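*Asks:* Residue numbers (the numbering used here), protein chains in the order written: chain A, 525 to 913; chain B, 525 to 913; chain C, 525 to 913; chain D, 525 to 913.
Note that the Cβ used here is the ideal one computed from N, Cα and C, for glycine as well.
Protein chains: 4
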Amino acid sequence: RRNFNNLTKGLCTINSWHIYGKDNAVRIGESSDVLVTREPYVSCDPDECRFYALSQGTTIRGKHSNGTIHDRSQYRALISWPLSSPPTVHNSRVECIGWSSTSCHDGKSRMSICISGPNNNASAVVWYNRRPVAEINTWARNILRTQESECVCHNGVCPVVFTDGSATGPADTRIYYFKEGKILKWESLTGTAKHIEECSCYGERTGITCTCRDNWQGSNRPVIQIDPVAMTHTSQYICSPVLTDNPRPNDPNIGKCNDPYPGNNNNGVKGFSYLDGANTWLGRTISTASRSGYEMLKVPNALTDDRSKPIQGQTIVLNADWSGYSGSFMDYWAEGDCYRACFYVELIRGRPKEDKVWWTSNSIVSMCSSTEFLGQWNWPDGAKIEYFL
Amino acid sequence: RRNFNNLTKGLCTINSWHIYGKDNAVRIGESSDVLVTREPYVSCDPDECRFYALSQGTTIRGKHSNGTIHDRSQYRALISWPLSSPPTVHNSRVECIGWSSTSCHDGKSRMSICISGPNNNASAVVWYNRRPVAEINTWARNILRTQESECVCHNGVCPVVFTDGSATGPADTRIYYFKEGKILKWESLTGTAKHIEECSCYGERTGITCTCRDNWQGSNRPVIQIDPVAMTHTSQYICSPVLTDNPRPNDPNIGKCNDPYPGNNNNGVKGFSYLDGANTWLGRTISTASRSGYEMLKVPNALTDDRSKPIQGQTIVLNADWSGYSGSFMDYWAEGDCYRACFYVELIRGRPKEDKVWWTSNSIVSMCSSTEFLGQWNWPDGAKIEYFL
Amino acid sequence: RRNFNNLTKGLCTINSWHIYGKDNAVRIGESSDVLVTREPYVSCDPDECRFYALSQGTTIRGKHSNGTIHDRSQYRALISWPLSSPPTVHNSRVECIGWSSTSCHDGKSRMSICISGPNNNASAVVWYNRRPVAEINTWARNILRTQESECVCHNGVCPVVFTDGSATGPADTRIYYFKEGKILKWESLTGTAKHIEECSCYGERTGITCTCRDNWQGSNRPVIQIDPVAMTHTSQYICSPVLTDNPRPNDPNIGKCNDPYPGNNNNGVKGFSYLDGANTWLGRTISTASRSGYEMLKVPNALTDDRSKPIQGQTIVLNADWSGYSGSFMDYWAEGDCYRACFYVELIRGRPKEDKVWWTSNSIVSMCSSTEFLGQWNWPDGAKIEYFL
Amino acid sequence: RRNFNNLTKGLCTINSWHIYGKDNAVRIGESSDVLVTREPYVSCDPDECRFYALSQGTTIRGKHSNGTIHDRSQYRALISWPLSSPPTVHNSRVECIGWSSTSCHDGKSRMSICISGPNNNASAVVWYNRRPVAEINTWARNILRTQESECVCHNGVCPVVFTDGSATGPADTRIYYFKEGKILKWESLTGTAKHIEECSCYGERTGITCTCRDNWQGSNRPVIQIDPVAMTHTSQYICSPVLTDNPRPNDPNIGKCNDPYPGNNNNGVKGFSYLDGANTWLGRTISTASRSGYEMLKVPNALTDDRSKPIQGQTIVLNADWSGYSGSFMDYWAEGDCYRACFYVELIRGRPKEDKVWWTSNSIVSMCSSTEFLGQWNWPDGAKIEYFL
Ligand SMILES: *[C@@H]1O[C@H](CO)[C@@H](O[C@@H]2O[C@H](CO)[C@@H](O[C@@H]3O[C@H](CO[C@H]4O[C@H](CO[C@H]5O[C@H](CO)[C@@H](O)[C@H](O)[C@@H]5O)[C@@H](O)[C@H](O[C@H]5O[C@H](CO)[C@@H](O)[C@H](O)[C@@H]5O[C@H]5O[C@H](CO)[C@@H](O)[C@H](O)[C@@H]5O)[C@@H]4O)[C@@H](O)[C@H](O[C@H]4O[C@H](CO)[C@@H](O)[C@H](O)[C@@H]4O[C@H]4O[C@H](CO)[C@@H](O)[C@H](O)[C@@H]4O[C@H]4O[C@H](CO)[C@@H](O)[C@H](O)[C@@H]4O)[C@@H]3O)[C@H](O)[C@H]2NC(C)=O)[C@H](O)[C@H]1NC(C)=O
Ligand SMILES: *[C@@H]1O[C@H](CO)[C@@H](O[C@@H]2O[C@H](CO)[C@@H](O[C@@H]3O[C@H](CO[C@H]4O[C@H](CO[C@H]5O[C@H](CO)[C@@H](O)[C@H](O)[C@@H]5O)[C@@H](O)[C@H](O[C@H]5O[C@H](CO)[C@@H](O)[C@H](O)[C@@H]5O[C@H]5O[C@H](CO)[C@@H](O)[C@H](O)[C@@H]5O)[C@@H]4O)[C@@H](O)[C@H](O[C@H]4O[C@H](CO)[C@@H](O)[C@H](O)[C@@H]4O[C@H]4O[C@H](CO)[C@@H](O)[C@H](O)[C@@H]4O[C@H]4O[C@H](CO)[C@@H](O)[C@H](O)[C@@H]4O)[C@@H]3O)[C@H](O)[C@H]2NC(C)=O)[C@H](O)[C@H]1NC(C)=O
Ligand SMILES: *[C@@H]1O[C@H](CO)[C@@H](O[C@@H]2O[C@H](CO)[C@@H](O[C@@H]3O[C@H](CO[C@H]4O[C@H](CO[C@H]5O[C@H](CO)[C@@H](O)[C@H](O)[C@@H]5O)[C@@H](O)[C@H](O[C@H]5O[C@H](CO)[C@@H](O)[C@H](O)[C@@H]5O[C@H]5O[C@H](CO)[C@@H](O)[C@H](O)[C@@H]5O)[C@@H]4O)[C@@H](O)[C@H](O[C@H]4O[C@H](CO)[C@@H](O)[C@H](O)[C@@H]4O[C@H]4O[C@H](CO)[C@@H](O)[C@H](O)[C@@H]4O[C@H]4O[C@H](CO)[C@@H](O)[C@H](O)[C@@H]4O)[C@@H]3O)[C@H](O)[C@H]2NC(C)=O)[C@H](O)[C@H]1NC(C)=O
Ligand SMILES: *[C@@H]1O[C@H](CO)[C@@H](O[C@@H]2O[C@H](CO)[C@@H](O[C@@H]3O[C@H](CO[C@H]4O[C@H](CO[C@H]5O[C@H](CO)[C@@H](O)[C@H](O)[C@@H]5O)[C@@H](O)[C@H](O[C@H]5O[C@H](CO)[C@@H](O)[C@H](O)[C@@H]5O[C@H]5O[C@H](CO)[C@@H](O)[C@H](O)[C@@H]5O)[C@@H]4O)[C@@H](O)[C@H](O[C@H]4O[C@H](CO)[C@@H](O)[C@H](O)[C@@H]4O[C@H]4O[C@H](CO)[C@@H](O)[C@H](O)[C@@H]4O[C@H]4O[C@H](CO)[C@@H](O)[C@H](O)[C@@H]4O)[C@@H]3O)[C@H](O)[C@H]2NC(C)=O)[C@H](O)[C@H]1NC(C)=O
Ligand SMILES: *[C@@H]1O[C@H](CO)[C@@H](O)[C@H](O)[C@H]1NC(C)=O
Ligand SMILES: [Ca+2]
Ligand SMILES: [Ca+2]
Ligand SMILES: [Ca+2]
Ligand SMILES: [Ca+2]
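1) Please identify the residue among 701/B, 841/B, 722/B whose C-alpha is closest to the C-alpha of residue 712/B.
2) Do residue 705/D and residue 664/D have their CB atoms nearer than 8 Å?
3) Considering only the beta carbon of each residue, do residue 592/B and residue 560/B sit closer than 8 Å?
4) Hey, which unbroken runs of the alpha helix (DSSP H) at 4 residues or more fall wholly within the region 768 to 834 of chain A?
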């Protein structure tokens with residue numbers, strides 16, 4: 525009875541951001557069976573929106589939380605759970621097993637992809653309506669990996685960005701196009717982006733826009749623009765001198781559109797943007813050195829204007845508080861004439877920055893745009909680490 | 525397929541009150557993952573009635589329960605859960621994030637409103653069928669706030685009372701009218717009520733009646749009467765000398781219809797009444813000094829008769845036991861020829877009255893009316909505070 | 525779309541009993557949030573069968589389990605939960621608040637009745653499809669009380685037996701007839717039963733048969749036979765000298781049809797029978813002194829034959845193990861040409877017999893009949909009380 | 525509306541195995557209410573696939589976990605729970621009570637069978653759509669027992685293999701044929717298999733193939749081939765010299781088709797195979813001495829070729845890690861032109877191999893086939909036993 529969703533609207537005008545969801549997972553997990561997670565995101569079905577993350581296969585208070593700084597193990601899985609609840613043993617639904625993921629609903633059913641394996645022999649399994657449908661073996665034998673936030677579909681076609689290869693040099697990035705979990709096509713990355721990790725994507729009538737992480741030489745973010753009908757793409761960098769990776773140099777007065785802006789090598793953080801002419805907003809950590817704080821900045825024409833600077837902003841997380849990965853999502857099934865931009869911020873607690881505990885986990889905060897100019901709060905994780913000692 | 529509910533019945537004749545629900549949350553939370561809450565209420569959908577409250581983002585036994593006397597933080601959310609279960613991490617569904625709320629079902633879907641932010645920059649987000657639809661910024665920059673119990677709808681129009689401004693002097697109260705989460709209209713408070721907080725509302729064929737709290741000078745309660753078709757209102761006070769705020773003076777022989785009855789300033793408690801001629805019943809704490817005990821009193825024509833006194837009553841909570849906020853709700857979808865009046869009482873435990881623990885929480889008891897003259901019990905929270913030490 | 529169920533079948537031939545459900549609640553509750561209960565039963569809906577009991581408003585490991593030998597408090601409620609799971613905070617659905625109950629499904633919706641109040645002022649609230657519909661005040665001001673197992677309906681009419689008055693002398697027993705929760709009729713007890721408590725009922729094409737407890741002078745069980753169409757009844761005792769109350773005298777050779785068989789006063793236990801000519805089976809504790817063991821005995825024509833003795837049996841619980849209340853239920857919606865007799869046994873743990881713990885709780889075992897002659901096991905609670913010390 | 529499923533497809537070509545599900549139950553159960561289990565399996569409904577196992581009626585951290593090496597007690601039950609979650613008190617649905625089981629969906633509803641009783645008087649109860657339908661008494665009075673993994677249905681007919689009698693000599697094996705839980709037929713075992721335990725079955729257009737355990741003299745596995753239309757069967761052994769029981773001799777160069785391959789008596793392990801000409805894959809423990817490691821081996825024509833050796837393989841569990849029972853299942857309702865072979869491995873932890881704890885439990889890993897040649901990982905339980913001390 526359901527039809528595939530088509531991307532037929534533009535973005536709503538973003539004049540501020542309002543609270544959407546928050547799970548307080550570390551606070552609650554001090555005294556409840558909350559799973560250790562990282563790499564969270566949010567994704568909507570036609571009738572519900574849910575939180576997602578990679579479990580570590582242990583609760584926070586469990587003794588197996590010791591060592592959860594590590595990224596890849598056989599005990600990780602993509603889980604989903606109700607919006608603004610914390611991920612518990614009892615409410616977390618496993619989507620698939622592995623240590624790197626994406627997921628999206630096409631209007632009829634959900635596709636979830638999880639990668640598992642050793643570093644030199646990893647494979648993706650593509651699930652559609654809760655069944656495995658297709659599998660993809662590593663092509664570069666060096667940590668096949670994907671977005672860590674939601675994909676986006678148009679008329680049943682759901683593109684997904686993957687990378688396999690070095691994190692500190694040229695790698696082999698591919699864009700796959702799925703329909704009902706089946707591989708329609710893949711293509712190698714083209715354009716001027718020089719390194720791609722952890723793309724954060726959203727869709728609108730123009731196409732699908734992904735803002736990624738250059739882990740090699742860049743502190744400006746690469747952008748992949750996908751046409752899901754033709755199944756083709758382009759890439760470049762955000763031209764603006766408002767640099768949005770982390771760590772990063774200080775903001776210059778001229779950015780770089782077709783190459784990495786230099787100064788910080790071999791590191792980064794997953795992040796996102798909404799690139800929409802005069803309605804452009806960029807997210808970034810407040811700190812240039814570490815994953816602390818989070819702000820949204822209105823930077824007109826950031827994608828294309830190598831002199832562009834902010835004209836409005838909003839603090840999301842104070843610089844005194846830990847942040848983490850961030851990514852885009854939207855509720856494509858909400859009624860109205862425009863798609864309301866949304867995002868989440870991962871609020872990382874524990875190692876490496878808080879090493880009196882032996883675990884690493886996170887909570888989630890998420891916001892959506894308003895056409896009002898709303899007052900701002902700040903949204904910390906809220907747990908007192910000393911309680912875990 | 526569903527239609528908006530219309531208020532087409534009068535109240536049933538209230539000859540006594542019968543037990544409806546009770547969650548025993550503090551008893552159970554001594555040994556289970558029960559969330560710390562306050563400001564509870566009850567609200568019905570066409571097929572289910574649920575408990576609601578503002579979580580504090582921690583369980584009672586969790587170490588983060590320390591400090592939960594505080595009213596506003598980033599860790600609060602409106603939650604709902606099944607009738608007479610306690611609010612646990614596992615059964616509590618988040619309706620929205622914030623520290624002041626209302627919620628109601630219009631017959632088709634539920635509207636929930638949560639306010640969040642710092643005191644000088646708060647904002648309401650209006651959710652409808654589990655999606656954000658509208659946002660309202662603070663207009664007086666001083667703790668924008670709302671009912672803390674259910675709203676009521678007629679033909680899709682759901683009025684809600686908000687206040688922004690001082691709690692100890694004139695403030696800016698507005699009545700908003702929503703349909704499908706969209707703002708149809710708002711108006712400033714009119715009439716003779718001099719201060720409005722925390723309105724408790726119910727609907728019937730005559731219109732929507734809200735009984736509120738005058739926190740400034742009054743120990744009689746203000747009343748707002750709303751016509752949800754014309755989208756207009758009036759206000760006054762309950763005229764009766766049976767005073768129903770807390771703390772309060774002793775009952776005189778002449779009440780006040782159009783001004784606060786004096787003697788207690790800068791305090792109050794959320795409460796309620798059913799104002800229906802000879803079928804009028806008022807709730808109040810038994811104590812005139814503190815939030816202890818709870819009784820219902822049949823006070824004919826209390827709204828309009830400044831000499832009216834009780835002719836019948838029922839003890840709900842003994843004066844030896846702690847009470848708290850109270851509010852009205854009804855199951856507008858129950859079959860029959862009349863709407864059965866219902867209410868809840870918040871049973872506050874912990875601080876400030878029980879300061880050997882470091883938390884503040886509550887449980888819920890709720891009653892509905894009977895046309896029988898039923899025997900009365902009393903309904904304490906039932907937890908032994910010493911067990912938490 | 526659903527129709528009321530009609531009692532159109534006879535009982536299946538009972539040649540043995542097979543295991544139906546068992547929750548292991550005390551074993552599991554040693555280390556999980558299992559509610560303290562007593563007075564359990566089983567009842568079916570058209571699409572599911574569930575366990576029921578009266579919660580005590582605390583978990584077993586919780587400190588509020590101390591004192592749960594007591595029968596009546598404001599913290600009790602009728603709960604239901606999935607067959608063979610234990611009653612936990614998370615899976616227990618509250619049907620209504622109180623300390624004596626019954627419940628049954630009529631084919632369209634479920635009626636649940638809970639009595640609450642002080643001993644001299646108790647009241648029943650009748651819920652239908654999860655809403656309160658009717659209320660009944662105490663008529664004798666002495667612990668209004670009901671079946672503690674399921675009722676039975678025919679063409680929408682659901683009879684329920686209540687008692688109010690002394691437990692150690694003549695009392696005021698009434699049979700109420702409900703439809704959609706509304707009172708159609710009530711009548712005073714007639715016939716030769718001299719005292720009635722805690723009736724256990726089942727239905728078949730002949731009518732509704734209830735086996736009760738004479739707490740005053742009898743150790744034979746009273747029987748109430750109800751015609752749910754005419755809404756009339758008769759009463760007598762089981763004539764057989766196989767005595768089935770507890771405590772009780774030893775079995776004589778002549779029973780009593782119209783008066784209590786003497787020797788034990790002012791005590792008893794809830795129990796049951798299936799009275800069906802040559803297909804008659806009686807349940808009883810094995811011990812004549814205490815609530816220990818449980819057996820089923822095939823006693824042809826027990827109702828009417830004052831010389832009848834057993835011709836077959838089955839041990840359910842060894843005499844070395846604690847038992848408790850027992851009662852009848854059937855899955856009236858199972859396909860086939862006959863109704864399969866079922867029963868449960870409450871396996872009481874803790875006080876008064878095991879007083880090294882400070883609580884009283886139970887688990888459940890339940891059996892249904894087979895037309896095979898199946899091998900027998902025995903079914904203890906299975907918890908080691910020493911683990912709770 | 526639903527129709528019975530018909531076995532109309534062949535197996536997909538198996539070129540490797542991909543991860544399907546993993547529950548990490550022992551890791552999570554270190555700090556959560558995870559039930560002690562053993563004898564797990566997986567089985568699909570038309571709209572969901574679930575994990576199954578025999579509970580021990582206690583959590584792992586509960587004190588009643590002491591003694592759970594024992595196989596048969598009144599506290600065991602067949603439970604099911606969501607794929608890749610662990611079996612908790614809160615998510616485990618009881619299918620039936622007992623200590624040996626099978627279960628399968630016929631396309632319309634699920635049949636579950638549980639055996640309970642003492643060793644000399646056990647009985648099976650056959651449940652269909654969650655109601656008991658048929659019962660089978662022991663025929664040899666010596667531990668009536670069944671598959672411990674899913675059955676398979678065709679056009680509503682679901683065969684199930686049972687054994688009653690000695691585990692160390694000739695026994696009485698029967699194949700029962702059920703439809704809607706009713707016994708259509710049973711027959712005694714025929715063919716050249718000399719002892720049958722714990723059959724693991726799958727279906728395809730050819731019929732139903734079961735790979736079993738010869739506990740008496742054989743270290744090759746018996747095979748039962750069932751025609752579910754004619755309701756007849758044959759039996760033999762896997763002819764290949766790649767021996768797949770445990771413990772077992774080393775692989776010779778000539779296997780045995782019609783008799784046990786000798787060297788190890790009175791022991792074995794439940795296991796499985798997919799027997800499909802050149803697409804044949806066998807599972808086995810890596811160790812020849814103990815239940816450690818697990819591998820899949822491609823052995824062309826293993827069923828019929830007494831010289832056949834492996835031509836491809838995949839490690840599932842390293843020899844350094846504990847394994848356990850293994851069995852077959854498939855998602856018969858997945859779209860496509862072939863049935864994708866799947867299996868699970870029970871990862872046993874605790875006694876007897878790890879006797880510093882007093883319990884025995886397990887977790888689950890499960891895989892399905894791919895037509896790609898995917899990289900391999902290994903999939904241990906992942907718990908650190910020292911944490912439980
Ligand atoms: C209640 O809640 C509300 C709502 O949230 C809150 O108001 C909000 O306050 C915040 C904080 O003040 C504000 O965010 C800031 O916005 C700044 C941009 O706005 C200002 O500049 C624009 C542009 O000016 C240029 O261009 C104009 C033409 O376009 C030209 O005319 C100018 O002359 C100039 O050339 C200007 O237009 C703005 O003026 C409007 O807004 C004012 C209010 O902000 C108002 O008073 C004015 O009248 C005017 O009003 C109109 O517009 C508003 C909407 O904007 C409408 O609502 C009105 O109706 C009118 O139409 C402002 O003057 C932005 O620059 C800020 O970001 C910088 O600073 C923050 C710290 O605060 C950093 O974290 C940022 O990263 C950033 O600074 C870094 O980056 C830049 C870029 O490279 C560098 O230059 C900096 O040096 C700095 O770099 C360093 O740090 C970074 C990070 O660590 C590092 O990476 C670097 O390497 C380096 O180390 C900030 O985002 C927000 O917009 C505002 N919202 C609203 C709606 O008002 C209230 O305060 C709350 N109330 C209370 C009591 O609390
Ligand atoms: C089993 O369970 C049942 C059911 O619950 C229970 O019965 C219930 O008992 C309670 C407690 O007794 C009872 O509640 C009280 O009701 C009082 C009102 O009823 C009495 O007065 C009326 C009115 O009399 C005037 O008006 C008449 C004309 O309208 C006139 O004729 C009179 O002469 C007089 O002028 C009177 O009509 C009543 O009489 C009927 O009811 C009697 C039973 O109550 C019965 O015996 C009579 O025959 C007659 O029966 C008819 O009516 C009933 C229904 O009412 C029908 O069922 C019958 O069939 C007949 O038709 C009564 O004489 C009410 O005043 C009480 O409230 C005051 O007291 C409580 C403490 O008890 C306080 O907490 C209250 O706040 C309140 O007192 C404060 O406030 C007032 C007002 O300002 C002050 O004047 C006081 O001084 C006091 O103020 C102080 O304290 C407050 C609070 O701290 C503070 O704020 C102040 O500042 C100050 O410090 C109370 O509500 C209930 O109605 C009754 N229900 C039923 C159905 O009977 C049984 O007892 C239980 N059984 C057992 C064994 O336990
Ligand atoms: C595997 O699992 C199976 C299945 O469960 C199991 O077999 C089962 O074993 C149990 C235990 O032995 C058995 O239960 C007992 O059944 C007794 C009744 O059966 C016997 O008597 C009848 C009637 O005999 C009279 O009437 C006949 C005509 O009707 C007449 O011909 C006789 O001469 C006589 O006058 C008799 O017909 C039976 O014979 C049949 O069954 C035999 C097997 O039991 C078989 O060998 C025979 O060949 C014959 O077979 C036919 O019938 C069976 C079905 O029954 C069919 O299956 C066959 O195909 C044939 O058609 C038996 O001889 C019953 O009396 C027992 O109950 C008393 O004893 C128990 C203790 O065991 C007490 O707890 C009870 O309360 C009760 O005793 C108390 O009460 C009585 C009554 O007042 C007093 O007289 C007593 O003194 C005593 O009172 C004291 O204690 C109480 C309680 O504390 C106290 O309250 C008092 O005050 C006082 O202090 C018992 O129920 C069961 O039926 C049987 N089932 C089957 C299907 O066989 C196997 O053993 C298991 N295998 C293994 C290896 O474990
Ligand atoms: C990334 O991930 C991939 C994917 O998993 C992984 O590659 C995989 O590696 C594993 C491990 O190496 C490999 O599994 C092994 O497979 C062995 C079989 O393959 C080899 O033999 C065949 C058959 O050769 C005979 O027959 C031919 C004709 O049929 C003839 O031409 C020959 O001359 C010969 O007569 C041969 O065809 C294979 O060659 C192909 O594959 C090679 C790669 O494996 C490739 O290099 C070749 O070019 C050729 O490629 C073609 O085929 C592949 C698919 O196979 C296609 O993908 C290509 O495109 C080409 O078309 C191989 O030479 C199998 O024997 C192994 O099992 C034995 O050893 C393991 C230990 O490793 C034991 O645990 C097993 O039990 C077993 O050994 C026991 O049992 C046997 C049988 O009785 C005894 O003889 C042994 O002595 C031993 O017995 C002892 O132990 C047991 C157990 O304890 C005990 O019970 C006994 O009693 C006794 O004590 C093993 O299964 C897997 O297939 C391979 N997969 C793929 C797709 O390549 C990569 O390594 C990973 N990468 C990294 C970097 O990690
Ligand atoms: C388990 O039970 C045995 C008795 O059989 C006892 O010796 C042992 O101490 C128990 N283990 C624990 C951890 O209590
Ligand atoms: Ca970078
Ligand atoms: Ca006041
Ligand atoms: Ca008695
Ligand atoms: Ca063997």
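*Replies:* Reading off the structure:
1) Counted from its first residue, the second sequence places residue 712/B at position 188. Looking at the Cα atoms, 701/B is the closest of the given residues.
2) On the fourth sequence, residue 705/D is found 181 positions in, with the first residue counted as 1. On the fourth sequence, residue 664/D is found 140 positions in, with the first residue counted as 1. For residue 705/D and residue 664/D, no; Cβs fall outside 8 Å.
3) Position 68 of the second sequence, counted from the start, is the residue given in the question as residue 592/B. Position 36 of the second sequence, counted from the start, is the residue given in the question as residue 560/B. For residue 592/B and residue 560/B, yes; Cβs fall inside 8 Å.
4) The qualifying runs do not exist here; there are none.
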